[PDB]
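Novice: Can you read through this structure? Questions will come right after.
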There are 2 protein chains.
Amino acid sequence: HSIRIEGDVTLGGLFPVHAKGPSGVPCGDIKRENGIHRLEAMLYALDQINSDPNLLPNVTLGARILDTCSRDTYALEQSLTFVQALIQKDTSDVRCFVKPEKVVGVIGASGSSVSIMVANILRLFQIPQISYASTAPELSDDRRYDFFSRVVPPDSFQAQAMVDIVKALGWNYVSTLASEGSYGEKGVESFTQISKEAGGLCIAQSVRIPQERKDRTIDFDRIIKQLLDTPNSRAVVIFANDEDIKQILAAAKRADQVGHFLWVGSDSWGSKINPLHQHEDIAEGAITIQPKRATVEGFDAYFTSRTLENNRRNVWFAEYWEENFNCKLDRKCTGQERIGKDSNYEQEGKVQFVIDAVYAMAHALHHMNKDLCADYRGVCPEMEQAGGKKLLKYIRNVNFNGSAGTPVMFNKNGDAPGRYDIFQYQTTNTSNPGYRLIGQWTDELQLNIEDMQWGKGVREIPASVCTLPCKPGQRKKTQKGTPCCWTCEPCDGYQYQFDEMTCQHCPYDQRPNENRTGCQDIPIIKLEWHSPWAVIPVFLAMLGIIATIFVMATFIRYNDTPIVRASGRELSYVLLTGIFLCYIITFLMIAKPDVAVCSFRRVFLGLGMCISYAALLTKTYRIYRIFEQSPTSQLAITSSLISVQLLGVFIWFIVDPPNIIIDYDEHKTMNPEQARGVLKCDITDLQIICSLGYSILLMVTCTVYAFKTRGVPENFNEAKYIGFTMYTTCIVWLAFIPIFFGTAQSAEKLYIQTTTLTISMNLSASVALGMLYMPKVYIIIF
Amino acid sequence: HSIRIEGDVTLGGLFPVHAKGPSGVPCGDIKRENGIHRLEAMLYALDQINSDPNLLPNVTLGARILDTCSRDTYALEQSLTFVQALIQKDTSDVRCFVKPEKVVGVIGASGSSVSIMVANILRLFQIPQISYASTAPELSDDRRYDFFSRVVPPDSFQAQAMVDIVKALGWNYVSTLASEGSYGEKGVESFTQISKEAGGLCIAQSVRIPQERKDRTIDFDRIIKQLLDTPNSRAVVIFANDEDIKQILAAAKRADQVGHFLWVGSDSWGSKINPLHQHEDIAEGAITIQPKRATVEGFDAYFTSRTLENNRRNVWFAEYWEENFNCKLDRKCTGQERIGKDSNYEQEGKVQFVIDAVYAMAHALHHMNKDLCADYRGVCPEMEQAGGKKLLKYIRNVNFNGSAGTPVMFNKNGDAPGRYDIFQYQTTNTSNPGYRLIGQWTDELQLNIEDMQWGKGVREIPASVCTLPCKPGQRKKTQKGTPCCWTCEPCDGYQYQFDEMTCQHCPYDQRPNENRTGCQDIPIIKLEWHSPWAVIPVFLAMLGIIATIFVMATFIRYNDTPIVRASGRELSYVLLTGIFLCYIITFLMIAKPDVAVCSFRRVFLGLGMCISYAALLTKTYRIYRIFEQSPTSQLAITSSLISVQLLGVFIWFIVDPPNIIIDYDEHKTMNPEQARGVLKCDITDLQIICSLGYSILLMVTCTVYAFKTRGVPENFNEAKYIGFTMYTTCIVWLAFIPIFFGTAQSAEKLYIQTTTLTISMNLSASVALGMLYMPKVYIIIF
């Protein structure tokens, strides 16, 4: 039924001695892997606790060992058997008693579901509980389960370790697999939650393995095909049992995989040679996490020394002896004493945990005893009355070294901290085909990257980033999809990227560079005489300089002879100065200064044109008045109209400021690499047209009076010469207006107007001086 | 200890017989108001259940009555006593037994905490529970408490009824008050949650009343001052006990309140005379919600007929007898038999609930027994093995009539539906000063609005809306603040409200209306001859029409006499037609047609103006050529230049399309109510200037020719007449430009330019008409 050990203070114990069988009977056959090994461990702990004078020197400690049969309902009935001893008041019945048996704590509930039940029924009666094999993450809410403590870390720490290895090694795609039950699902659920909470990682696959059958071998193909749908995902994490992973590896081998994606194992994978067989090539490179294992020396010596006639407190030892050696009292066994010789048994990894659990209880009880009373040699009555939340507080704040090297402690929640060591499988080049240690995880991940290569490869050989990092000079961040990985699209070539996250538009009037770092147009467009067509006008201007160097030559000496006296001296000075004025104007407009000095050039063509025609205007009137019927008088009237032209540009300056702007923008989207720039001063089509039209207005009033001049027998050569010039001048002016209309639609017209205007002035001036100088050469050759 | 009743099937019972006292002893004195009345009710129910052949005919029903002492820890020790009888297996001890007592259900846990605790310990063992006095809303989660049922509705239904009355009667501002414990806080929390879930209501105040002392009378002044801060909130809901509300009403009375805000009571307020004393004026109009009460006739007869020698099963009856009459075995009592005479006792309102609870349990067992086995007369063995979720399912699906008229049922959650009746206090017009019924609440609110009139006024007199309706013709919705109640602001005056929630800008070119419903401008601006200054030009045009009827009068007969022959005949016809053409132009431009007929008008001033000067042009040339040294030739040269004017409008037709637009926009923000509009065809400043400027060229040439013509000894009066007219027109043409520029900045110039143009055309013609008149009067006089 239950083992009873006498003592003034006792603690209970739940262990799965038997195993559940058919639906009818709660439990049938016995189990040796976890049934008797753990009981003997607890009994051994109590024996040496009572022997040790360091802990509880003057007070003894007892216990009540008991079994659960691995059933929730059976656990509840038994847990009530602890507490009824103190809760029952009395019984009004007689047959024709026993000590109260006050318990102080309970140690057990190895499973998960039985722990949840026992925690729920003992939370009400305020009795502390310490578990040793309950790894489910559900028993982690302090509010939900007040009185509960664990010496074994849950799966949440294991999931944290995996995501730390994935994060540190560098990966973005991970595929999760899980088996049936409450282990695989809770593992991946924690893994997903931590990844979402920490950020930077994502889940791309999530397949579930049912347990309706094991001899199908089709669902395995379904999942492996599902995992192969995206070749980029090369890392998978597994939470299944050993049989499942054995099947998956077999499927991968028979499928002749070409990607050979990496695995990440859980505690079920661990370090065991049984699962791997003929799959050593495909299982290579699998990172597995396993809890640290320690072997004690005291328990083994104790357990190997017990026999039937030595100890009788244990009620299930005889049945275990019968089942272990397979002999019943048709084979009989008497005094074999070969438990450690006939059977090659090895202690489990959880024996160290139950020994630590008993210790933590004994230490907290020991501190509570010392703090409550110190003036009493034995057991003070204050201890019996005090119990409940006080002992739980002492259990949380405990710190010591157990049977293993590592210490034991409890954090805020109440579970022991996680300590794992990472393993890896290497066979293609390693001296030993077995697993090799590569790192540990206690509080921060400590992993030797250079220690793992698994042959013919660097430690960072595999890549899984969901997108190749795009840095060819263009980048942009798109919100579409999961925030895990980013997609980059080529933005327009007319602007550069800002903060490596967006393509903002750069300020105008300048092209972007090639590497998309700055937006500036170094190249510019400038007018040149040699390269563009401006050479021909330049040659024409040079030719005009030669012409005026010959007209004015025969003027210095020929100033008093009675040959030039026929022409008026005052009129001769006007034409001499007018011819030189236009020669300087064409040279000025040809040149393109950057500074705002064109103001002195615009008057050369605006005001310099009037004085050229002024002498011709008064000359026509002078030769016509003598036909219809004071040289200083003709000088005055011409001087007056010069002032009109001079005042014309002055009032223009008062109308609007003479601001000079050299900046220009092409604003062409056809060729973003092209950058056309033009600089001009006071460039207005109306300004140049109206200023030039002033001469045309007075030329009309002069030509009309010249119709009657033709045929006068005064100077036949001179009269015929003037009439020839008039028709030529009207020709160039009549052709000038059509030019700018219907042609400014393009972008290269900024330099063509200047050239055509240049040759127009030279052509109009050459014809004027040609007829004027025609009679002058007669006195030279003749 | 506990009352035990024999039976093959039994159910347990928890009742608070005693009350907790000092810290040492768990419970001390007994309570009569809830201790013994409820037990005797349950015992009576069991007796008549066993007597009634309708339910469980061949099978009896027993029970185990037991007390809880109103302690959480004590309730646990008792619950274990129920469950141990069936869960315990055996006990290995001897002294030198009792019936198994299999329970099937439990009825009890009156309080709130003990119900939560008992529900927690029995949920694990899967034993159904029915409570009768647990009204807390926490016991309403089916997931948290599987095996739990209630015959008394929780407080959530009460909070729903209040918010339904506030919503139905129409209010928006409410203030919440609550007391200490787990009743007031949970009540208002539910009220707040339902208000937010249903919507349309808000909480403006939330004050909390501690319970550290009872003789301070200061905290009440603080809260009433807090509640008086906003005069708008005239409705408060209270969840406190009777002592608290008695103090608040006293505080309101001594504060001489002027707002007299309304109250809404809870179940604690109910319908009692204790809560009202000298405050009848200020408590008037308090809507209170109370559960329906019914009185049974069987229990009273049973309880009044029991005596010490009659019944012995009850173990606490003797102590109750001693405490009820206050006599101990220094006053002794023997055989009084005046329980119903010496004490004026009345049964509680919860007795009907325990009787319903016992019934629901009996019916569910009756159905389960009938459904499970029907071929056996007695108790079939299947019933003992069957238990757990099945009986719970049969308890949920039950429906019958209990001791009261109303039936009992359980909804999806497991708590009985709420059924209340609404009360109100009235003491001015009603003959009866007491409370009067005004409505009921079972599934939908049924309230008689016309039946309640508080404050000696109309029913719906008080309102609390946070704001007036604010519908003066325009409104805007503001998101600031709580969505419950809103603030309205006046938007700009130039647009109307859209969907009664926003002020969008209506299309321009018109004005909005006054009620903010439409955006259209009916009024328009049209030129009139009578009202504006256009009368004077109109009268001038009429004067010219009369004047021209005199020049042509002496022209038909005087065509062959040798007096008029001095003037050119062809010239006379030209000037005769020119005068009549201008007379028609001034009339056409005066009129403003809306139709597309202005094209025939513009030619009157475009082409009809040149023909007026055409005769004048050739007249001056004709008299000048004879001075420098063929009537048909003069006719041809004038006829040609008319064609140029005729072609002038032709090229204008092909240059731009004659699009006519009558719409106009003032775009003035100074007067939003003003709407100015002008309709004109082809309104361009340059068009009228250039068309009129063409005639200036020819007139200028005539002016210079006439100036040189002066002094010729050919005509005396005619030469003097033509000299003066050439000097008069230049003045008005020179002044036309100054008034044209720098004047159009306003908005009323659309019609002032026409008037001045009309007069200008008339006066420019009268000077010519007067010049022709002088020769006419001369020949008449001569």
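A quick note on method: Cβ atoms are made from the backbone with ideal geometry, for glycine too, and the neighbour counts reach across all protein chains shown. Bear in mind these aren't lab numbers, they're just calculated from the coordinates by the rules spelled out.
Novice: Quickly estimate the mean residue ellipticity at 222 nm for chain B, helices only: each DSSP H run with n ≥ 4 gives -39500 (n - 2.57), and the total goes over all residues, rounded to 500.
Specialist: -13500 deg cm²/dmol
Novice: Once the label point is placed 7 Å from Cα along Cβ, list for residue B:696 the distances to the corresponding points in the other copies, in nm, shortest first.
Specialist: For residue B:696, the other copies' label points sit at 1.9 nm, shortest first.
Novice: Here is a follow-up. Would you mind listing the distances between the residue A:274 label point and the same position in each other copy? Use 7 Å along Cα-to-C-beta, nm, one decimal, shortest first.
Specialist: Here the equivalent label points are 7.4 nm apart from this one.
Novice: Scattering from the C-alpha atoms of the stretch A:723-782 alone, worked out with Debye: what is log10 I(q)/I(0) at q = 0.17, 0.26, 0.27 1/Å?
Specialist: -0.69, -1.07, -1.11
Novice: Would you work out the Kirkwood radius for the protein assembly as shown? I mean one over the mean of 1/r across all pairs of different Cα atoms, in Å.
Specialist: 48.5
Novice: Please enumerate, by chain and number, the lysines with C-alpha under 24 Å from the C-alpha of residue B:668, excluding those fewer than 8 residues away in the same chain.
Specialist: Result set, ordered by chain and number: B:526, B:680, B:749.
Novice: Moving on to the next point. Pull up the cross-link candidates among the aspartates and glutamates for residue B:708, meaning alpha carbon to alpha carbon under 18 Å and not fewer than 8 places away within one chain.
Specialist: Leaving aside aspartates and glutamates fewer than 8 places away in the same chain, those within reach of residue B:708 are A:628, B:628, B:718.
Novice: Which of the chymotrypsin sites (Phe, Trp or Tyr not before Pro) across the stretch A:24-83 are loop residues per DSSP, with 11 or fewer other Cβ within 10 Å?
Specialist: Nothing satisfies the criteria.
Novice: Now, a different point. Please list, ordered by chain and number, the residues whose modelled amide H lies under 5 Å from the amide H of residue A:446; skip anything fewer than 5 residues away on the same chain.
Specialist: A:440
Novice: Could you work out how far the C-alpha centroid of the stretch B:615-663 sits from that of the stretch B:516-546, in angstrom?
Specialist: Each part's Cα centre sits 34 Å from the other's.
Novice: What average count of beta carbons from other chains do you get within 10 Å of the Cβ of residues in B:74-82?
Specialist: Partner Cβ neighbours, averaged per residue: 3.
Novice: Mind checking which chain A residue has its Cβ closest to the axis relating A to B, and how many whole Å off it is?
Specialist: Reported as residue, whole Å: A:96, 2.
Novice: So, one more: Applying a 10 Å radius around every beta-carbon, put B:322-328, A:776-782 in order of their mean neighbour count, most first.
Specialist: Packing order, densest peptide first, comes out as B:322-328, A:776-782.
Novice: Taking beta carbons within 10 Å but only from partner chains, what does the mean come to for residues B:98-105?
Specialist: Per residue, the average neighbour count from other chains is 1.
Novice: Something else about it: Taking the alpha-carbon distance from residue A:370 and a cut-off under 19 Å, which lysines remain once sequence neighbours fewer than 8 residues away in the same chain are dropped?
Specialist: A:389, A:390, A:393
Novice: Return the subset of A:89/B:186; A:20/B:102; A:225/A:480; A:31/A:225 for which the Cα-Cα distance in this structure is over 32 Å, preserving the input order.
Specialist: Violating the 32 Å Cα-Cα cut-off are A:89/B:186; A:31/A:225.
Novice: Moving to a separate point now. Using +1 at the C-beta of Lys and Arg and -1 at the C-beta of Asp and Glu, which of A:697, A:176, A:677 has the Cα lying farthest in the positive direction of the dipole of the protein assembly as shown?
Specialist: It is A:697, whose Cα lies furthest towards the positive end.
Novice: Next up: Arrange the peptides B:636-645, A:182-191 so that the one whose residues have, on average, the most other Cβ atoms within 10 Å appears first.
Specialist: Highest to lowest by the protection proxy: A:182-191, B:636-645.
Novice: Ordered by packing density, taken as the mean number of other Cβ atoms within 10 Å over each peptide's residues, highest first, how do A:153-161, B:354-362 rank?
Specialist: Taking the mean over residues of other Cβ atoms within 10 Å, the ranking is B:354-362, A:153-161.
Novice: If each Cα of the stretch B:467-523 is one equal point scatterer, what is log10 of I(q)/I(0) from the Debye formula at q = 0.14 Å⁻¹?
Specialist: Cα-only, vacuum Debye calculation for the stretch B:467-523: -0.41.
Novice: To continue, here is another question. Between the label point of residue A:93 and that of the same position in each other copy, find the distances and list them shortest first in nm, with every label point placed 7 Å from Cα along the Cα-to-C-beta direction.
Specialist: 1.5
Novice: Using only the Cα atoms of chain B, construct the convex hull and provide its projected area averaged over every direction, in square nanometres to one decimal.
Specialist: 67.3
Novice: If you take the charge dipole of chain A about its Cα centre, with +1 on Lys and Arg Cβ and -1 on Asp and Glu Cβ, which of A:351, A:92, A:618 is farthest toward its positive end?
Specialist: Of the options given, the answer is A:618.
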